[PDB]
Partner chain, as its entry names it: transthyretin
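Encoded as structure tokens, the following chain is the form deposited without its partner chain, with no partner shown.
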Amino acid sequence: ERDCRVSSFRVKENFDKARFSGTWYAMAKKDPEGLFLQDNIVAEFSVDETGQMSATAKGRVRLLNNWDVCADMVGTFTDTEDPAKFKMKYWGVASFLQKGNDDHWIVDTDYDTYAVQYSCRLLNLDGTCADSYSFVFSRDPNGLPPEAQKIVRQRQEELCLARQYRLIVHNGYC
């Protein structure tokens, strides 16, 4: 009876790009189809004076046949009418790395502790998501405090994803 239509999902009110800048460690991920980033995922967000948000990311990706590389990725965000909803053009510093353009929603954050991100790459015909991914980020690479963890769990459930995350390990691979 809970609403899993993407159009129903709340996102961060009055999202502040500047406050969101800096280092975010991925603690957990819900994978899309054909998953790319595997683990050791760290993102760096910036805003320029134009107010244009961008990011870089490092992580282990596993090219099939069991070949691990540390991907170095770049993203730039185009604003929409909602301050928390963006279009993210992304690519790798190496041209053979995955590129594309995904929706990028900041579902919730308190800026200095946790963030929940969401992307629906493809809708179902009933408005639910056919192919989604989601990152939970922490400022502290050692994880979230309990109050933040509990808030995040609520947000995960609201996205209809709470059963579908896996933990992201950080072990200096990159």
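Residue numbers count along the first chain shown, from 1.
Absent from the display: the form deposited with its partner chain bound. The rest refers to it.
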Contact segment among 24 to 32, 62 to 70, 118 to 126, 143 to 151, judged by heavy atoms lying within 4.5 Å of its partner chain in the entry with it bound: 62 to 70
All of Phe36, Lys89 and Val93 within 4.5 Å of its partner chain in the entry with it bound, heavy atom check: yes
Heavy atom of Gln98 within 4.5 Å of its partner chain in the entry with it bound: yes
